[PDB]
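Numbering (the deposited numbering), first residue to last: 236 to 352.
Encoded as C-alpha cells, the structure appears first; notes follow it.
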Amino acid sequence: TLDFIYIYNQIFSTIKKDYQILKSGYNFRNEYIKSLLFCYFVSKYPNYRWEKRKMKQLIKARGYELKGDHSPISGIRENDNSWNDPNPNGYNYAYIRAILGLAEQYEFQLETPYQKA
RNA sequence: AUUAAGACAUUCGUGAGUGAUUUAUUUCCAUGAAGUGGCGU
Numbered sequence: 236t237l238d239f240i241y242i243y244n245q246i247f248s249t250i251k252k253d254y255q256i257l258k259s260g261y262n263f264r265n266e267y268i269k270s271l272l273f274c275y276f277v278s279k280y281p282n283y284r285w286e287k288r289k290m291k292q293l294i295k296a297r298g299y300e301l302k303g304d305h306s307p308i309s310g311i312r313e314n315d316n317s318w319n320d321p322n323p324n325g326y327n328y329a330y331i332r333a334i335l336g337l338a339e340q341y342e343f344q345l346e347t348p349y350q351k352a
C-alpha cells in the first residue's frame, strides 16, 4: 500500500499477460495458454485458423526448422499437435490477429541461434 | 506752317502665410508524436 512501484509493476504485468492470452497466447516459463482469439475463430462459423500457422508451414516447406520441439496447433483439443492438413481441401486461413492490431512484422526464431526469419 | 507742338498706362509689389497621408484592423482558425510485438506452441 505504501510502495507504488510494486503496485504499478503488478498491474502492468497483469495487463500484458491478459492481452497476450487474448491475442497470441502465453508461452514463457513452462506454461501454455492457447490464444483465445484462435479458439474463438476455431469454434465459430466455418472455421478460420491462424495466419501464423500458414507462415510457419511455408517456412517449414523451404528449409530451416523453427525453434520449439512441438508443432503448430491445428485446433482446440488436448495436445492437438500436427504439422499437416487432412486429405480434403486445406483449412480456411485468415489474418486472425489483425483485428486486434496491425503488427507490420512477425519474428520467427529458427533452430540455430543467431539467425531469425 | 494747318485751332499747332511736346508726353511708354508708368514707379513700387516673392502666389504667400498655418497644414505628420493620417485615424481604425490579432497572420488567425483545424488537427492525439502517435500505431504495433513476435517467436520460444
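Virtual Cβ for every residue (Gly too), placed ideally from N, Cα, C.
Bounding residues of the alpha helix (DSSP H) (the contiguous stretch that carries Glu286): Run containing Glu286: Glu286 to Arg297, per the alpha helix (DSSP H) assignment.
Within 10 Å of its beta-carbon, does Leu272 have 16 or more other beta-carbons around it, so buried, or fewer, so exposed? By the neighbour-count definition (other C-beta atoms within 10 Å, threshold 16), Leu272 is a buried residue.
Tell me, which residues are paired with residue 387 by DSSP? Only positions 236 to 352 of the chain appear in the structure, and residue 387 is not among them; the question remains open.
Considering only DSSP beta bridges, list what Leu337 is partnered with. For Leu337, which the question treats as bridged, DSSP gives no partner whatsoever.
CA-CA distance, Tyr280 and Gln245? If you draw a straight line from the Cα of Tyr280 to the Cα of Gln245, it is about 37 angstroms long.
Neighbourhood of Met290 by C-beta distance below 8 angstroms, restricted to the same chain and skipping five residues each side: Take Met290, set aside five residues on each side of it, and the residues of its chain with a beta-carbon closer than 8 angstroms to its own are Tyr341 and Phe343, in chain order.
Within this structure, are the beta carbons of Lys269 and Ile331 separated by less than 8 angstroms? In this structure, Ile331 does not lie closer than 8 angstroms to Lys269 by Cβ.
Below 8 angstroms between beta carbons: does that hold for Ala333 and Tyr283? Result no, Cβ atoms of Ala333 and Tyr283 do not sit closer than 8 angstroms.
Drop a sphere of 10 angstroms on the beta-carbon of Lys287, count the other beta-carbons inside from all chains shown, and report buried for 16 or more, exposed for fewer. Classification of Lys287: buried, given that the 10 Å Cβ count is 16 or more.
Run the CB neighbour count on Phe239, radius 10 Å, all protein chains shown included, and call it buried at 16 or more, exposed below. Flag for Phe239 reads exposed.
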